[PDB]
Amino acid sequence: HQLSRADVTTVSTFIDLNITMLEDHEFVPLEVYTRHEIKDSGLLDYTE
Amino acid sequence: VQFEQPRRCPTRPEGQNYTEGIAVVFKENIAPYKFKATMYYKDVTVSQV
């Protein structure tokens, strides 16, 4: 009789190697203090 | 001469364990304390003419 290849158990001669891509990353703007904060840290503003 | 027998392969390092959490990051406060005040004074002018 004939039979499908799926009827025969499969052994692999291939060596596996799983490489995955480094995914995209988004860098948002990020400051510890803005210019507004730096200017506001003064106690008196001469101009105002 | 003879062939070298299979070497012991490296292993994938176990990896880093990460604890999930929620963070609040605080910086040194440089903002002055602000509040409301009221001044009560009198402009006093003496003109010598």
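- Naming follows the PDB entry, where chain B appears as Envelope glycoprotein B of Human herpesvirus 1.

- Per the PDB entry, chain A goes by Envelope glycoprotein B and derives from Human herpesvirus 1.

1. Topic: the overall build of chain B
- From N to C terminus, chain B includes zero helices and zero strands.
- Oriented by its inertia axes, the alpha-carbon framework of chain B measures out at about 125 × 30 × 10 Å.
- Residues classed as buried in chain B amount to 0% of the 49 residues present.
- Of the accessible surface of chain B, which amounts to about 6700 Å², a share of 54% is contributed by carbon and sulfur atoms.
- On chain B, the mean spot of the 7 positive side-chain charges and the mean spot of the 5 negative ones are 7 Å from each other.

2. Side note on the environment of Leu 3 of chain A
Residue and element names in this part refer to chain A.
- With respect to the helices and strands, the residue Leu 3 is situated in the segment before α1 (35-40).
- On the accessibility criterion, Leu 3 (55% relative accessible area) is exposed.
- The sequence separation of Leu 3 and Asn 18 amounts to 15 residues, and the corresponding C-alpha distance is 32 Å.

3. Brief notes about a nonpolar patch on the surface
Residue and element names in this part refer to chain A.
- On the surface, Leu 17, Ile 19 and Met 21 cluster together to form a nonpolar patch covering roughly 420 Å² of accessible area.
- With respect to the secondary-structure elements, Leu 17 resides in the segment before α1.
- A relative accessible area of 73% places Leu 17 in the exposed class.

4. What to know about the interface of chain B and chain A
- Residue-level contacts link six residues of chain B with seven residues of chain A.
- Summing both sides of the interface, chain B and chain A together bury roughly 560 Å²; the carbon and sulfur share of this comes to 58%.
- For the chain B face of the interface with chain A, the top three residues by lost area are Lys 27, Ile 30 and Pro 32 of chain B, together amounting to 84%.
- Counting the contacts that link chain B with chain A gives two salt bridges.
- Taken together, chain B and chain A are joined by three residue pairs in polar contact.
- Grouping the amino acids of the side of chain B that touches chain A by side-chain chemistry returns three nonpolar, no polar and three charged.

Conventions we followed
- Residues numbered from 1 in each chain as written, not as in the entry; some residues may be left out.
- Chains lettered and ligands numbered in written order.
- Part of a larger assembly, values for the part shown.
- Heavy atoms only, no water.
- Helix = DSSP H or I, 4+ residues; strand = E, 2+ residues; numbered from the N terminus.
- Buried < 20%, exposed > 50% of the residue type's maximum accessible area, 1.4 Å probe, protein only.
- Areas by Shrake-Rupley, 256 points an atom, 1.4 Å probe, with all protein chains shown as cover.
- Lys, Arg positive; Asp, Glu negative; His and termini not counted.
- Charge placed at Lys NZ, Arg CZ, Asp CG, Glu CD.
- Patch = residues over 30% accessible without salt bridge, like charges linked within 9 Å, V, L, I, M, F, W, Y side chains within 5 Å.
- Salt bridge = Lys/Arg side-chain N within 4 Å of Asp/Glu carboxyl O.
- Contact = heavy atoms within 4.5 Å.
- Buried area = accessible area lost by both parts, 1.4 Å probe.
- Polar contact = N/O pair within 3.5 Å; in protein donor to acceptor, adjacent residues only side chain to side chain.
- Nonpolar A, V, L, I, M, F, W, Y, C, P; charged D, E, K, R; others polar.

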